Amino acid sequence: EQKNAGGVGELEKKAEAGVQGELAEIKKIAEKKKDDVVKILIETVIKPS
Amino acid sequence: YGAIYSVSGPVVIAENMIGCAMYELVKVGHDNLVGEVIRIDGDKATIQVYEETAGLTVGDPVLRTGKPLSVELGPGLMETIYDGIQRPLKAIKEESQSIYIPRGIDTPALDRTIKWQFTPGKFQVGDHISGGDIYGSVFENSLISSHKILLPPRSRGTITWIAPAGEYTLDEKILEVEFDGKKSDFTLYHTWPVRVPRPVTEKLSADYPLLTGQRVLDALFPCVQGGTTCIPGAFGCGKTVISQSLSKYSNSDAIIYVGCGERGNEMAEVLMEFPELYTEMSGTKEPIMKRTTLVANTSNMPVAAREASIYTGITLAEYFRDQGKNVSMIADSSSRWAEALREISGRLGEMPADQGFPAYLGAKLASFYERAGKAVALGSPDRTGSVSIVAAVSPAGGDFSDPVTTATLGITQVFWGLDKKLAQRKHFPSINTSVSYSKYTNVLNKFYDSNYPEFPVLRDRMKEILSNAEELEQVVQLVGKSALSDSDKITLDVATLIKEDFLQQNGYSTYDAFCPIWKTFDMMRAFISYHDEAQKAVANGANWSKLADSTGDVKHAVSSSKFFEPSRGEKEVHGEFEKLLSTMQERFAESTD
Amino acid sequence: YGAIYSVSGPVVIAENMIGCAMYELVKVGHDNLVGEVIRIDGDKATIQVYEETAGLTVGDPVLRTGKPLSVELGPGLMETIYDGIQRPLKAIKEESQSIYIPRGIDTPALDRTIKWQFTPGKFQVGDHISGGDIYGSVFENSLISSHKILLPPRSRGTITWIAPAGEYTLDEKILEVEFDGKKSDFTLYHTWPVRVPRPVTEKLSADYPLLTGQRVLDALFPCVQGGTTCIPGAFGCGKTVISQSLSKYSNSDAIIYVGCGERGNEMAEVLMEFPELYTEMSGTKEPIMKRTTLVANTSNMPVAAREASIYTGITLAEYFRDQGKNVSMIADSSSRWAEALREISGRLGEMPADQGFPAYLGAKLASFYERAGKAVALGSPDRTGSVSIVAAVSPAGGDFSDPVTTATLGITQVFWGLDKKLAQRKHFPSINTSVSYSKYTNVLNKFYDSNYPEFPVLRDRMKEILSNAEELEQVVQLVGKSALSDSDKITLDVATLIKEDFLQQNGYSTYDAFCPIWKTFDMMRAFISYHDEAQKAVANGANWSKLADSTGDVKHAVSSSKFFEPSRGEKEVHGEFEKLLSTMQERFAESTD
Amino acid sequence: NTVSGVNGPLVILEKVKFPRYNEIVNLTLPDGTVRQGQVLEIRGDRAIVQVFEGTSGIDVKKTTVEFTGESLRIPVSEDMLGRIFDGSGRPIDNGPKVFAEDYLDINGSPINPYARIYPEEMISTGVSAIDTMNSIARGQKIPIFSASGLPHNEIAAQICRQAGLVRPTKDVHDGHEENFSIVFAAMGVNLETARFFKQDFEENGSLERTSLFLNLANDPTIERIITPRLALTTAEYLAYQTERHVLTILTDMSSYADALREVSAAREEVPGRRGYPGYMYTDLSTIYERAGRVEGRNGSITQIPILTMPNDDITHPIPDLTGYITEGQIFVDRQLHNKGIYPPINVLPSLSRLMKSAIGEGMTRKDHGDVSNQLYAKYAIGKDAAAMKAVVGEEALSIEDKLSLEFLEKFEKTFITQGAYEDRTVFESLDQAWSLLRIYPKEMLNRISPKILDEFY
Amino acid sequence: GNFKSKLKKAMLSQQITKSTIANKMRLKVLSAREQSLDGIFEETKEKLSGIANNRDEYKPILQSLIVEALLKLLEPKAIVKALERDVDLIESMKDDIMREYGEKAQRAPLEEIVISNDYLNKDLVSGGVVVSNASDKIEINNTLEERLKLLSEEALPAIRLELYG
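J.: Help me understand a nonpolar patch on the surface, please; the structure alone is not making it clear to me.
T.: Residue and element names in this part refer to chain B. On the surface, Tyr1, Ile18 and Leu63 cluster together into a nonpolar patch covering about 300 Å² of accessible area. When you line up the elements, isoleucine 18 lands in the loop between strand 2 (11–15) and strand 3 (24–28). Relative accessible area serves as the criterion here: at 39%, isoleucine 18 is assigned to the partly exposed category.

J.: I keep staring at the sheet that holds strand 16 (residues 182–187) of chain C and nothing clicks. Help me out?
T.: Note on sheets: strands pair through backbone hydrogen bonds, and any given pair is parallel or antiparallel. All names here are of chain C. Spatial strand order, 10-13-15-16: four strands in an open sheet with antiparallel pairing. Each edge of the open sheet carries a strand with a single partner, namely strand 10 (128–130) and strand 16. This sheet shows a mean twist of 45 degrees between the axes of neighbouring strands, independent of strand direction. Looking at chain direction, strand 15 (residues 173–178) and strand 16 are connected through five bridges and run antiparallel. Paired with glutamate 176 across the strands is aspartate 185, a residue of strand 16.

J.: Is there a simple way to think about the interface of chain C and chain D in this case?
T.: One frequent convention defines the size of an interface as the accessible area lost when the parts assemble. At the interface, 88 residues of chain C touch 91 residues of chain D. Here chain C meets chain D over a buried area of about 7,600 Å², counting both sides, of which 53% is carbon and sulfur. When the area that chain C buries against chain D is broken down by residue, the three leading residues are C:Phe235, C:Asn265 and C:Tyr508, summing to 12%. There are six salt bridges connecting chain C and chain D.

J.: Can you help me understand a negative patch on the surface in this one?
T.: Among the surface-exposed residues, C:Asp549, C:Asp553, D:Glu400 and D:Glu443 lie close enough to one another that they form a single negatively charged patch. Note on placement: C:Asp549 falls in helix 14 (residues 544–559).

J.: Explain the pattern of salt bridges to me, please; I cannot follow it from the model alone.
T.: Side chains that differ in sign of charge can pair as their charged atoms come close. Counted under the stated rule, the structure contains 87 salt bridges over all chains. Ionic pairing is found between D:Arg267 and D:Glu269, a salt bridge with its closest N-O pair at 3.3 Å. Exposure class is identical for D:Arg267 and D:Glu269. Each is buried. Among the ionic pairs, D:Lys366 bridges to D:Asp370, the shortest N-O distance being 3.8 Å. Among the ionic contacts, a cluster of salt bridges with common partners joins B:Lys239, B:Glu262, B:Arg263 and B:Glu266.

J.: In this structure, what is going on with the interface of chain A and chain E? I would like to understand it.
T.: Chain A puts 30 residues into the contact, and the matching count from chain E is 32 residues. Applying the counting criterion to the chain A and chain E interface returns two salt bridges. Residue A:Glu16 is joined to E:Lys28 by a salt bridge in which the shortest nitrogen-to-oxygen separation is 3.1 Å. One can count eight residue pairs in polar contact joining chain A with chain E. Those elements that place two or more of their residues in the side of chain A that touches chain E are helix 1 (10–16) and helix 2 (22–46) of chain A. Of the residues forming the side of chain A that touches chain E, the biggest block, 15 residues, is contributed by helix 2 of chain A. For the side of chain A that touches chain E, a count of residues per class yields 15 nonpolar, five polar and ten charged.

Thresholds, definitions, all that
Residues numbered from 1 in each chain as written, not as in the entry; some residues may be left out. Chains lettered and ligands numbered in written order. Part of a larger assembly, values for the part shown. Heavy atoms only, no water. Patch = residues over 30% accessible without salt bridge, like charges linked within 9 Å, V, L, I, M, F, W, Y side chains within 5 Å. Areas by Shrake-Rupley, 256 points an atom, 1.4 Å probe, with all protein chains shown as cover. Salt bridge = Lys/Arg side-chain N within 4 Å of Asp/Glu carboxyl O. Helix = DSSP H or I, 4+ residues; strand = E, 2+ residues; numbered from the N terminus. Buried < 20%, exposed > 50% of the residue type's maximum accessible area, 1.4 Å probe, protein only. Pairing = 2+ DSSP bridges. Axes fitted to C-alpha atoms, helices over the stretch in contact; angles between N-to-C directions. Contact = heavy atoms within 4.5 Å. Buried area = accessible area lost by both parts, 1.4 Å probe. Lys, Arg positive; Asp, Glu negative; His and termini not counted. Charge placed at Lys NZ, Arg CZ, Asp CG, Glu CD. Polar contact = N/O pair within 3.5 Å; in protein donor to acceptor, adjacent residues only side chain to side chain. Nonpolar A, V, L, I, M, F, W, Y, C, P; charged D, E, K, R; others polar.

This is how it looks when you write it as structure tokens:
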């Protein structure tokens, strides 16, 4: 049980550390390809589909 | 609005019906009979009219009510006898000089003569309030929890007008809600279409029992609120008794009784008996009836009301579940609700499936079971309430191999086998340990072990002992009882006490058919301690005759156990059992040596 | 050309059809799905499109091919795998990267990629030729030319141009025919509509041995060359199992396997297993497969492929018979073919008969069986061939009275059973004698007597033993083994032994090995011998126990004999069977006195 | 356009003729709620739709129709495990979203590539009665035939949970080299059931292991039929693209069949035997065809459908049809359940005709198949003897019968009796099975080849 | 006995947390993956309104949105519901549409485009038009949000291949 009273601390520490780096790269790689996708989306709309 | 194209039987088709929904409540003719649109082909709407379409020429007007057929949920349900689509039978008795409702007589679902005292909640104007949050309450009961008024599900907004404390009528507005201009006014009741399930915060599995107050239910295989259960039919020489007793002995907060399509002798008995009988927990003001809300249909009532009967009852049960209460839905019988489907199908021209019963049957049962169950009630501080369905399924082919029974048992997790021969001799209830099962056993037995009883040990052992007894009885017939050991004789001796005290209870006496869930556990404790000790003692050098003379007084007490009072100091610990345990240990040294 | 008017289910209605034959093949929509014209209502022709439709638009194009759903008969049918709508399955894998048919593929009927070696016939320039004549031949196998190039039926003339010896492709011309100028060129393949049977010279009596190589058939009710057979049974019946054995052992020069709507894994197994295993008359590279062609179709693969399976396959068979080959056609199952019809009758809205299957069922099965039989090949060289049809069906829950099984039984002259109880103990296939008959049994025994075995004399006693065994078993059940006589005990034992050693084809090491009519005969000499000597012995005074324990070794030996490979002295009479005969003789004598 | 009428689950649209078969349309209610449906029948200037969601409230000129202009395909991703979905092509649970890298059709042939090579790899459930007597393979289809007095959900969960622990023990043995994935789909079962299942998967392992599709009984019959189709798309992608073995647990299969039955009753479609459709064969097939090894031949979809029989008969249309199609039959018995056997699997009619495909020999014994046949045969005789013991008594039964009555009792109580978490390896099971055979003498074990009996006894 | 059940119970609570950590991560990831997609989608309909509000650049786009819808419409009269700013733009190019339709059909030229007195919102629609039936039964919503959203169905796997492939 002590691995389950101290495991509620670990309930967020390992959840946060688990994607601490991944949420920084998702938001990083988005800001690059943002503009590049937006031009494609604009293009599809002003082209009759 | 529309004009009648045809009346062919009780089915009436009408043209010039636009924006007509597919559950739309409509009133047909000048007379204003109740009807509902099952189907639409083109411009023409095909209506089943539940009342006689006699005197209705083609060309009469059809007036939309402008909304589906709904049921009203709010104050003044309890102590009222109703139709399958909720129409007070009681109110017709006052006006019409009729029990039943005759054609061309409709009335509102809730009485508007009655006024109830509305008390505001914890929300005031300018507060945002959300779906199901407790806006107020009405108190009109003192024996049970009353009608706590919720903001209508799937409705949100900021409250422009919250009426202050005082008496208002059910009809009259007490709320206006601001959500994109004036959202509408709302009243003390809410309308909800009954062929739509009511939402709740979330649904959960059941785990939580309550006082059933019939010993055999708890003891043989526990009775749970938020359960799914099948009980066999008998057509009022056995069916009626168990239903009347379940309503009376169970001290569940509400009970909602639904007679789907009954004889009419059974409907007549439940209404007269409820004020007459006494609560098992104390209080007057028409004891059991005050806790009861009744939907009572004989087979003579319109067929749509018979089909509708369970749906309206289930919505009722679901409404009280959001207040936080434990409800018993006792429905009798699904075979009779099913009979309605069959009739309605042939009238439309629908092609059914097996034995003439439609195919809408199996899915409608599955949908029905899931509305019932345990849930955390909706409303801001949250409570727990339950809806437990015990549905009888009678003969519908003279066997139990017919589509209605076979479909239900499958979804159901519990079967309780009434015994006919014992029932004809008027022991009620008298459940057979052979046919019966509960798949709820495991989770529940763990729940009672938590609470204080030794329940898992005793229940399991109860079953084994009886099963074992049939097998040993056969060895007595064919070989003889004399060549068999003392141990085996004992296995039978104990089974007979378990059979006599629990199983053969008489619901015509309250010192023989009403005892609390703890009390029922204490009796069962008593018999098990004796079995082990009796087998232990015969091994160490005793005989059946010797054993019987020696146990004496403790054996006599266990035999006399049912006659004892629900209390002795508390109704949870019965002092006479706790001291009985000592007298048994002292007796065992003496007997054995 | 035509334009889709409607798609209601798999049924499509298209206007602007001035014509079209019956069951005309079409390519529907831009997708190019399979269809056939069943009916015509006005100008709108109702065409069922049988390849799965989830995305066909109304007013998509409709292309008539101009001829009915047909098959190509020509070179490269052997060791080449096809569907029931004659698409090569191998061609699809490569192109499509869809191992099975995906929605919307149009792959031509044969392989136009594999060059074949053509040599010229006894018909040179200026010579008359007529349908079914051997115009030439194509090398396909390592041991024999499979596909004898026939002039098609309904063509005739004198040959102006005979191509010389060399390699050519399938679409290139190789034959020119004179009759009213250039009647046309001919190519290596020829076409034929599969709803027309191929015409023969004459049909000939069926009385010539068909060795299927399975002990259990040979022993009880053999088939004939020219045969028709029904076999019922439902999963665990060993029908896949008996197909594989059947293909390996079969004396016929072609076997055509028809998968009517199979598991897919079952088709995957038999395909792999023919080149993994070796043939009994030898086979160089893909041994068994060299003689095997598969029509395979799975359970959701096109309803046309499944419906056409029996006709595509029977047409193949008739063409091999016109070539001068003996064909054993296995179809599995005609019952899955029957489901294709049940589905067709609903979609169209034609009225069906009993069990929701149409009435046209009975004609369609009958037409298939009548084209089977033994015949003298059409064409001038003249040869003898057969098509012996073994057709699998399935009971509806142990009910053998279902329309499909009854219909097939109507047409058949041989019936071979399948008993559920006996399959559970592992004896599948399970043929007795009260669920099976063969009209060929009488002539067939006369032909086997000639070849060497004593079979007819042993066949009669063998039938009797089984027939008495069943009746005697009913007394054991009810009365007990206390009402028996000693000779009746004997009938019970010998019977149990027969049940295991013929009917069971289940392994214990290895699936059982090729047992001929000769092998089968030896088993019968040893069982029948055991029974005679033992009954004499009991009649003449002797213990049951003495006799059964003494046979002992001999019983183990017959059980396991079939696992051991044939020839162990000879095929004819094995040394292992020869020696038992002496052992019985020695025992009989010890027992008597 | 606008709704013309509505007759049951069928909706009559008055429209224009441009729509294609199973093209999505969205019905806009006057509440402003949108519900989805697909056209089942199209005709000139009109349609019949079946709406997945709902079946009532549908108006006339106050309602509107809008075309999506894409026929239904399921959005499939391979990141689907651990993620909560609802049986409707999206989560209405508010669970993690589906995403799409392919959208794949449920018609029963998208690009379908299956078995040209039959299963040869053994996959174990940790349960002796399953594994030994019938065997399970990397494409095997085995129906769980259950009843209204058996608890179908407890056995369903039992087979799945114990096959997840055994399956990595088998990976190490080199029976496998690829991932295991579970796809669990529950269609139109009770709330009580749904909750239970999720709780079971968590205890044994986790819910990261499995993907969940949840469909509620209150949601229509039309929804229920699409629910397994969604499971099929999930499994085919995983096998095809990422060479994973996929295990599908399809509960309840009977639930799906009743749904078919409803759209021929409130249709003018004439039904076949016992009120079950004539085109019932095709509906069932669609699920079962999409099974076997998937192209690359390291991927697979293996099926365990779960059938609850309502009458418990073997003359009912659902159990019969399923059985001809499926590669095995597993029959679970009420009488064993009563007696106190868990799992309470009766092998008296459990049979596989594709018994060879089902067994393994390169990661299981060769002796596995030989022993199983003998066991089954000896169990059956032991049942014939049981009926005879009641009738005749022990007052005429033979020396041989007595051995067979003992075998029957030892066989139920040892082999079929296993703990709730106790998993048996297939090799250990043989040892157990050999204990069962060992009481019979060398003349009663006569049917078996001499080689095997002298080797292992 | 009851030791074994308390011994399992704590190992169960151990794996309920391993599972809840693992679920919070797929939830943080998924909702981050979407937050990015809904900011790409956000920028495109902001960019588009700026295109729409310079009338002369919107003029050939609008012509094409209508011609497109009209070929799915297949009626001689279309009722076009527009914003109060685009009714003036449609008016000044009705002939061009009916020309342009005619050249891309073989059905018949379009007879009329109907400028109705009912209009689309400007606080619910950013720009674009709803081209509808003769009796307003079926409509092709060639509004900026609706096009962007349907386009989202097909954009999502493309965006997924270039972003995580």
